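First structure 1, then structure 2: two forms of the same chain, each alone, as structure tokens.
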Structure 1
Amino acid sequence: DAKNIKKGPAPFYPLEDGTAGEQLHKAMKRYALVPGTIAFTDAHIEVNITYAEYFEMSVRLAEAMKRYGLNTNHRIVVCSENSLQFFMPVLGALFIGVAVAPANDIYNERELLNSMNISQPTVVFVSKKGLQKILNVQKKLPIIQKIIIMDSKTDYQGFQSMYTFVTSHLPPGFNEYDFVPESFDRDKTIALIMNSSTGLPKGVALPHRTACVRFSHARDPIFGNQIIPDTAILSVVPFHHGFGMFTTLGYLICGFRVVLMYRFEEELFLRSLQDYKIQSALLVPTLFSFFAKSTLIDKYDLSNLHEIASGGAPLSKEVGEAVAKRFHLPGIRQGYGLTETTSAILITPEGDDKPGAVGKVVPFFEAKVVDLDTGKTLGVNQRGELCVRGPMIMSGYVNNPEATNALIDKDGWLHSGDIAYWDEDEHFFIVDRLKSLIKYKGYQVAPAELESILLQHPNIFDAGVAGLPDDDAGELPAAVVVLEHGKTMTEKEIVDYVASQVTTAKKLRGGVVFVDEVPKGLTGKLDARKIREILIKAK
């Protein structure tokens, strides 16, 4: 009974041959030749850019980079916040086979270093506002030869724009419509180097195959959205941290108009939803809970709105139903995905929504639950660790096969670290830190309630509450604590403090264990074991 191992259906679109760059180029060239087809729309400055514009300039950046000298043994960095120019160097680079590491616009200067030491990039594309931060970081990274400014047409601080850079390297008679992109092995050639849990962000290497699969999902009437003319999307989610990246690529495959918003604003948001006739909106999790509090939605004509998507962020069932009610939608489309799996591999399918589920397994994939101790795969309705195997899994963490391994067993399964179960109808469900309850006496306090108290203390930098299992009491509630840098404290001084703000059953009878860091779990969510694990010895 390899039969409690859950399997994604058949694709509507078969996987297509070619690299990620070869199929983007082929799709975009189709839409380039229809004048007026809009690719991106900047909701802030109201400017539109057509596929003809988008195709042509991307191609030129590909042949201008090829000439400069970049082959698949080089990487570039794109450092900018969501913009009309963002996917120009990305598209151009994939056409070449150069690996793209999107960097985080307002990563502070330290996290800009950690990202770029892993990605070791020859050329860096950057927005005017990102420039000095990358200048500073270039004087600490010798590999960064060239800096190109994305949001200019002229040069800017003597530095060169994509536009003058391209005319500085394209050969005399270059022809955007005779360009052909490189063929290369899509399994070994890295398309994207993404970022990320505990410690410092790693570099998740993802080869062209994962985007090629993604391109099969995006069109899927069940797991993506149907190629209808005049489809538009309002995307707020960042063009890096996952979601934003691979929906937009799939959206360019489909010919959709991607309406981007880089700064969030309620009225701007809702009006763009209305005016652009948006079919589906993309949101980050805490923009869902915001929209649960919105009372203006009713004043806008969202007659056209079909879907609101949360991506690979699993949603509180209460927040999801709230958002969907304020917009008069049957449901939210939530899914579960890891950066280490490119896109989501659990997605709620069209129509088949089921209250509280993230969804079912995407085509090309297998997902299963495994018992946390024996490792044996479990059956229907049992909670275990969620494990997934399929083409979109990360190739590895750059410069870190010690982490790549033991995250992926060499039967090709990624072990999520997150806990789940599935239905007799094959829906999956994710279990969160946030409603695992600590039974002392026999009534239970949420660990988030006790964490909120602990984080309130000026000398407690981070906390993590879990239930110390003791034989007499049932569960004594305990915490792992991280002290602020200057400060010093004592276990009892900490529980004295809690036991002054909680009922008396909610008191921190389990004690505190001082840790350098509270264990997170891949999607950043607090890991309920390890914490429980950590306290069990210290007692």
Structure 2
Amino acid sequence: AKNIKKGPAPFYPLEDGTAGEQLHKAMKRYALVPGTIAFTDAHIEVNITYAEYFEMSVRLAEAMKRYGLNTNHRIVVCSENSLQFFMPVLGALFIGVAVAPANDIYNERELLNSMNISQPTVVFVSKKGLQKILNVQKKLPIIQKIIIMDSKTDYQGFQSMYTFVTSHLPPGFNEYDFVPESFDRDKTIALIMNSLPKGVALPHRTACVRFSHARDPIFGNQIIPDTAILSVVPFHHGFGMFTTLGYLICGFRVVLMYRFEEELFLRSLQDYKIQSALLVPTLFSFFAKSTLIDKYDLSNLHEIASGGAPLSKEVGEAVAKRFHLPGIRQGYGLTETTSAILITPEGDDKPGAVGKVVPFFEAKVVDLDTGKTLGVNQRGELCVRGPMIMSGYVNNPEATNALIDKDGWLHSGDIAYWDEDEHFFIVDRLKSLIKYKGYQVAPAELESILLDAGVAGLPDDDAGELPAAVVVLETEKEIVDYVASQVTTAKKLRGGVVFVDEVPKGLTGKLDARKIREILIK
């Protein structure tokens, strides 16, 4: 088949060594370049240079190494976005310790599940998540040491990263003579991300491939001095984990925000002369008729990238017009494929599309019932294969086999198609789709008519399901008759409106057709 969309050759080549070796290199170079900033906290106007950041990470790597951390070990990083977030991350990659990010805002049972799977020996937590760790550490004797990420001194009894380094580093330790560990790239896990979620094991190799897309001037961002990115996405999530690590490879300035504010964001875009802004589709609400935008100097802004959830083509084009960009750059990925494997290639837009198959990958679309590869414009389940695909779910080989087949194809459970130009469009998640009779109804299409809103299906005994909605006012039958008179016959709101304070969305933009399913049933 040429019914398989393949990715082109990389405009930037894969590189040798492990991911920590590749990163130690990049960052040591920048450390030696005075004044280059790794991270900026827009909330407290604080910078931390590549010189400082490299020194503390190397310092903390060696300190973990002397503590007895190695390839048999996992550590968890449990934190809101911060200047301190990537210190333990980087530190461990340099010496081959597995890093398991734990969701900042997980409840206790979710946080217990996560760590139960990841089995951490040392836990890194912000001050904000400490009591959550303590409350569940009871059930997890694997944890022997707890360290506070964002404190200089000890904190309520626990060593901080700084005081920990002090006890385990020899004085007059030179950070520029530290050499990271070499080991098997495909065999040594770098990260364990969560999806009840499962631990996604990602070998060093998958981050090394990512480091090719990151520097690829067509699929990523060409290394160019004094480049500043403004990232809003969470670091414990694949979206933020692998975009950010790619930025440090490029030596970019990552201006982070621990919570989106309308004014702060627009402030920092101008102030920090920012070239690229990393958002999630939910934050496009605020830039509908955002009056503010017109005040600022957003002349430096070259692009705005979205991911992690669908962006309506309408609001995508609107927002882009407001920033005078050609359009919204876009990337599609799953936790299980490391980072984005569909990316809007520079110099090749297509509204609605999530992009084209990145280098090293192949994407295809299959029949739900027979698995046959489907052709152009034919909708079926999206399948991808390439070297960023996880090695497995940690300690759950069954679920690894249910997802990745013999030939290496990952089954995304997203319905999607490609066109004559090999651009890929994502309809919806398969389980998010409504089956009114035999006829299929896609939430995304109904919601753009309404626009807040969320569309799911009432399990009608008659039709199977009936296209329903939740509505956040800016009445009902004055809308169902508006719905029915916008769509066609099977897409009429055969399940009505149920007004709500707020539409159930996950931290990266996705809705919740399971919670919304339950919610409408009242």
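Every residue number counts along structure 1's sequence, beginning with 1. Between two forms, the rigid core is the largest collection of C-alphas that superpose within 1.5 Å.
Assignment of C-alpha atoms to the better-fitting superposition places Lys140 and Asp105 within a single rigid part for the change between structure 1 and structure 2. Rotation of the smaller rigid segment with respect to the larger between structure 1 and structure 2, from C-alpha superposition: 78°. Comparison between structure 1 and structure 2 places the CA of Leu450 9.7 angstrom away from its other position, after core fitting. If you overlay the core, the Cα of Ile278 moves by 0.8 Å between structure 1 and structure 2.
Core superposition gives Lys525 a CA displacement of 6.7 Å between structure 1 and structure 2.
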